[PDB]
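Nothing in this text is a laboratory measurement; each read-out follows from the coordinates by a stated rule. Every residue, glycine among them, receives a Cβ derived from its backbone with ideal geometry; neighbour counts consider all protein chains shown.
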Amino acid sequence: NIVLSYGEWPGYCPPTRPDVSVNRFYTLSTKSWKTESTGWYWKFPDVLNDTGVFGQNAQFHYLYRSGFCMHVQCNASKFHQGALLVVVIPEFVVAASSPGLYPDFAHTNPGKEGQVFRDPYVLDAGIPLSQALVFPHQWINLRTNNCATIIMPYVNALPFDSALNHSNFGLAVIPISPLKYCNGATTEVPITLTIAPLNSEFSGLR
Amino acid sequence: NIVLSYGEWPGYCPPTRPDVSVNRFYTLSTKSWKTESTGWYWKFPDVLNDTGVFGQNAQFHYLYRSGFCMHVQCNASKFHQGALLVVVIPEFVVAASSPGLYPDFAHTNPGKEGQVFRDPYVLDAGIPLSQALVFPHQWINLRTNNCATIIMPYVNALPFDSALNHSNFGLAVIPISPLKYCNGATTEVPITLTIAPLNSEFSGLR
Amino acid sequence: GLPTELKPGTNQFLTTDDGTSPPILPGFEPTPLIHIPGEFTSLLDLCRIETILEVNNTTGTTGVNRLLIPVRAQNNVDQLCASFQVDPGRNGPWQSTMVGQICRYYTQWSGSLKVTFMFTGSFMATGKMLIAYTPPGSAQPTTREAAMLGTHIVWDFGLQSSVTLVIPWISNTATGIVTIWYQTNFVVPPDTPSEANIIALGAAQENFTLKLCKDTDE
Amino acid sequence: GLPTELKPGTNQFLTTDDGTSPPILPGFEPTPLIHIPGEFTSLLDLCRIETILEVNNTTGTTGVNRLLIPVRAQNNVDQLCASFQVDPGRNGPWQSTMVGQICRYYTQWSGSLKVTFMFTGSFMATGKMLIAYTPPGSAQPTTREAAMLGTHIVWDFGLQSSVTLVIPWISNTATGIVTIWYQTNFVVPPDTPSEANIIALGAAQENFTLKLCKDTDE
Amino acid sequence: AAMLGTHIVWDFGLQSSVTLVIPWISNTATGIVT
Amino acid sequence: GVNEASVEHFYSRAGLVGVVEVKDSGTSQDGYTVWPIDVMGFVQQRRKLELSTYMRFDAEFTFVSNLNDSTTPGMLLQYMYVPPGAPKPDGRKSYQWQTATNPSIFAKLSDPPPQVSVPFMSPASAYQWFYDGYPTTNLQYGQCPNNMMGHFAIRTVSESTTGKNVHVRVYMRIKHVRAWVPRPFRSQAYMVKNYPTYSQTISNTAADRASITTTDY
Amino acid sequence: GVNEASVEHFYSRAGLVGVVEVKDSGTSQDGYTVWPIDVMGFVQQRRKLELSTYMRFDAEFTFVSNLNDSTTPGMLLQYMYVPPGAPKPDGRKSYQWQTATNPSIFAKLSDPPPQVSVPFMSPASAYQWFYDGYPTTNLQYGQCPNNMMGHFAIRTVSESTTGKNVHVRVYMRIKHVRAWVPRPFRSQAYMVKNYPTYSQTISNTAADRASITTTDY
């Protein structure tokens, strides 16, 4: 069920505090999990920077502070098999790879669509995927569960920061065990990410 | 009568703990004490490593911890004379002698048969036999007594150790005053070693 | 104490010495410490976080495939599936774990390890595997019945999707073996993939310890 | 105490000085001390453990024979059997004892010694020996009656198999003498060996002391 | 081989008579004493 | 054994963070040098620090200075600390050497090494080894300017070229360490100084073996 | 007189355990040396230690360093302690000199001798002078690997050949000594370093005399 990141609920700062126009569920474009899929990551709050009332607040306020509640729903039949690791990585700095030593803006801030991994083994950051379980995470085993819920509080060296310039954390959905099925099953499995900001605070209104 | 090595009874560790299949008396092959005999030593628990139920335990368990009770019985008439020193030497490392600076496996671990001394004066270790009485010991004076009993607890820098690789202590029976008799008496005196492990513990069963 | 004598050890710089030194900026006030979540004060807390073993660390396997133990329908039964050593400090599958990485910063370690196994086959994919642990003294079992007589767990896919094996004790101053056996054939209904993966995870227990700090090999 | 003066004796390294020095590995935890039996905290406890005197330290005698005082049927009675000096620090029979070896690590010693004598003849082997001690001033007795008038013990083989003689006091800054006399002839029945051995043992008493540490000659 | 089973070590010098009790035996292939 | 596996002890002991050289002979007759304080100078120390995301600590710096042939004459040295956002010396006799707000240590080679503790200097509540964002191009990504601890400008106090090179070994000891959000240990080789960039030739985290059933390497 | 005859006092005082030489002139231009810590370097100290079977103690090491002609210039030295099971330096400028986990002492010849206390290092509860067993051939018999206390790699902190040999006298003082299972003092001459091997020509423990009745030697 629900997992609390670092065992702390998100809370208010002891500034704009929207009640229900921001606290609503945001449902992102569904990702097609296929056999050859490497994985996807989103940057927060970059994923919601241009999406609904939260998008309007994050673009017209100097400072920002919010927790998040992520639901990763998966629509698969009992005849589909595979395991996703859903990991939240605080300060997920994406690395470039060169035989281009600096990643493009499209990779650092993929937006609401999200970016695919190129080297999910090293998480595109030079750190092993095998040790990614030190970060707050949930398994989605298609034979056990098709849901992951991670509650992430605000983590920063500063009490407030810019939504547009800084991403507090990244959320990665990575197929560890590849999706596999038999001829006749749907060739893809939908993966739905639902985000709900919790305890959102804003400053510098214009 | 009974002598306690270092004034401490053997006891359990505050793992296999056999009740009577191991605590039974083990009686070794009798040694013929003769006029020209130099002495014998056994390594523990190497002497019981391939002998009965204790032999099965010591070979199929990773770790080992046990005290011992040694009985050195001697069958001599009142017309036989001689004195044996029965000494228990903790960590009895046998030395080689060269005019071959490393002793053979047959000498370091003689097995249930036991090994004869070549230089009982230096105990085959370069240490004087005259000072061997700092170790726990009993005299067998053929005119006084024909029995020695030494109770030896577990002595080690480690709480547990391997029976097959490490010998906690050696037991030496050395004729100080040579066996002497008159024509018509039995030319040899039997020396019987009876071993009883006390508080035996085992680990790593296979 | 005006009359003093300087003892041997003066004017030495011992890099491990924990002394005082003057503040270079006295009366400078650092930024106050706000609350940040996720403070850790012990590498042992990280050592007992479960991380993926790279059990398929085989030549020619690359990327995420190295984290998967393949399970498939076997022509012959009682065949060995996988084998790895219980040795966090040594080269092998434990290199990819957090406990296996922290162990390379220390000379000696002691305590128990647990290895979790996760089956990632279809919901309608039943069968039994035998997970057997061999203590450090004994050599690897050759047959499934040889491994069955030692410490083992019989794991059923249909019933229980994750199994945990606790390694009793292992130390560094020759090591434990874990073998996975095909107890039964891989059973599937029609239109179900006949090959699946096991993900092996590993961590330390509460009685794990580390000793004598050292610099890692990588 | 800011204002200090450095007194003569600074920057000297006295090898006997007992100071502090920084731990080279602060916060390193040594292996905890388990209970090991046979801890000794004093060389005096070892000094009072009985060990064999090499009384037959005679040219041409080798191996275990050097630890045996031969006793045999004598044509002449009242003959001397053996003689040794009570002198743990000096070259001679005490070299082979633990008290005689520890005494070579010290410059001066004082206290009482006991010499135990063990008869290793047949059960049916009776007779008397005279063990006489001569204090350091006086010279060795020439005859059995001369030794009988001083400190002596008459020891009967048939009755008492071990006898203990306590040397009253002896010091090192010329030494005591112990002589064994044939009080009676060696008596045996038929078919019994007519020659036997005495094993002489030696140790210190509770009032033994050692002083001024020194390195041994061997 | 006989020492590892049920046995009594009997000393002539000390004890002049020794008694061995056979645990159980029946007739409807039999115990051995060596 | 729980004290040895703590964050305080893991990040303890003084380590070489830079071999600074004060060249004053041959062609290089500067007579001074400016060394920017870098806790991640060496890959060994960088990998240990990048185990966490945020740290807060005080650093203690020791200067082990000597000549080319290990000689330590009576030469005077000035170890001036330039705090973050102060101008640095641009010469041997610039006015920045006389600025009072830059603390200086005057010490000789004949004296035991100079020590001094720099406090926690960041404008934020903790040093941030990973910054997923931009300060305001591709180069500026990941570049948090709040991790700058200052500079150590070192010179010989002389009026002309001494003709002697001074090698300064800077030793730092991290003190009162607090770490947050543990991260996986870096597995790929470090290519550059301030970026997680790795080579396209991905190295496997675990050493290889013949097959999944053979316990031989 | 009971304090002088105690195990604490018997094993007290600092003794020479090794004359280490840092050669850097003629043909030997290494500029460093690695000396493995051996409590039984000399037969005098070996015989005293082998009086017991197990010991547990902390050792205090002092380095008395000078040049060939007793001169003590301002030369800098590094006394790095390599703990048991750490890689050792393989050259004057290897990376092992910069490893933080190897504690170093930086001291000059002009300074009083450096002192430092190594704790009890064994994986077992006590050092074991006699091991009657095998670690797992004839050579490995009696060879307990748990008695290794480490190494002391010593070098001059220089960039090239100094041309001066440094003689280092290592003095050790055994501290907080606990001994177990007393043993007879060795009587035979020591032939090799780690084995009780003795010569076939057995020496008598006691000096000889003409006869058992004559008190003359």
Estimated translational D of the protein assembly as shown in µm²/s (Stokes, Kirkwood radius over Cα pairs; 4 °C; 1.567 mPa s):
35 µm²/s
Which value, in debye to the nearest 20, gives the size of the charge dipole of the range B:1-205 about its Cα centre, when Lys and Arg are +1 and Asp and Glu are -1 at the Cβ?
540 debye
Greater than 31 Å separation of Cα atoms is the criterion. Which listed pairs, G:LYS48/G:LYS93; D:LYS114/D:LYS211; A:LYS112/A:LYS180; F:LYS108/G:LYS175; D:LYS211/G:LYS108, meet it?
G:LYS48/G:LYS93; F:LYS108/G:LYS175; D:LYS211/G:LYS108
Within 10 Å of the Cβ of an average residue in B:164-174, the count of other chain Cβ atoms is 2
With a bin width of 5 angstrom, please list the P(r) values of chain B as percents of all Cα-Cα pairs, from the 0 bin to the one holding the largest distance.
1, 7, 16, 19, 19, 16, 11, 7, 3, 1, 0, 0
Taking every eigenvalue of the Cα gyration tensor of chain G, multiplying by 5 and rooting it, what semi-axes result, largest first, whole Å?
37, 21, 19
Picking from D:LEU44, D:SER138, D:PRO3, whose Cα lies most toward the positive end of the charge dipole for chain D (charges on Cβ: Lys, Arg +1; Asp, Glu -1)?
D:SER138
Put +1 on the Cβ of each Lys and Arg and -1 on the Cβ of each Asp and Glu in the range A:63-206; which of A:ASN109, A:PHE79, A:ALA125 then has its Cα farthest toward the positive end of the dipole?
A:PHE79
Relative to the Cα centre, what is the charge dipole magnitude of chain C, using +1 at the beta carbon of each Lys and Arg, -1 at the beta carbon of each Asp and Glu, and rounding to the nearest 20 debye?
500 debye
Which value at 222 nm does the protein assembly as shown reach when only helices count, each DSSP H run of 4 or more adding -39,500 (n - 2.57), with the total divided by all residues and rounded to the nearest 500 deg cm²/dmol?
-1000 deg cm²/dmol
Here, chain D modelled as identical Cα point scatterers in vacuum has Debye log10 I(q)/I(0) at q = 0.08, 0.10 Å⁻¹ of -0.43, -0.58
Pick out, in residue order, every one of the trypsin sites (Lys or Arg not before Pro) in the range F:157-212 that is DSSP loop and has at most 16 other C-beta atoms within 10 Å; say none if there are none.
F:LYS193
Taking a ≥ b ≥ c as the square roots of the eigenvalues of the Cα gyration tensor of the range B:83-174, is the shape rounded (a/c under 1.5), prolate (a/b larger than b/c) or oblate?
oblate
Distances over 15 Å make up what percent of all Cα-Cα pairs in the range G:96-192?
77 percent
Using only atoms on other chains, find how many Cβ atoms lie within 10 Å of each Cβ of peptide C:107-120 and report the average.
3
Residues meeting the amide H criterion for B:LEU123 (H placed from the backbone, H to H distance under 5 Å, 5 or more places apart or on another chain) are B:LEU129
The range A:133-183 and the range A:39-61 have their Cα centres apart by a whole-number Å value of 16 Å
If you take the C-alpha gyration tensor of the range D:55-143, multiply each eigenvalue by 5 and take the square root, what semi-axes do you get, largest first, in whole Å?
26, 17, 13
Taking each residue in C:94-103, count the Cβ atoms of any other chain within 10 Å of its Cβ, then average. What number comes out?
5
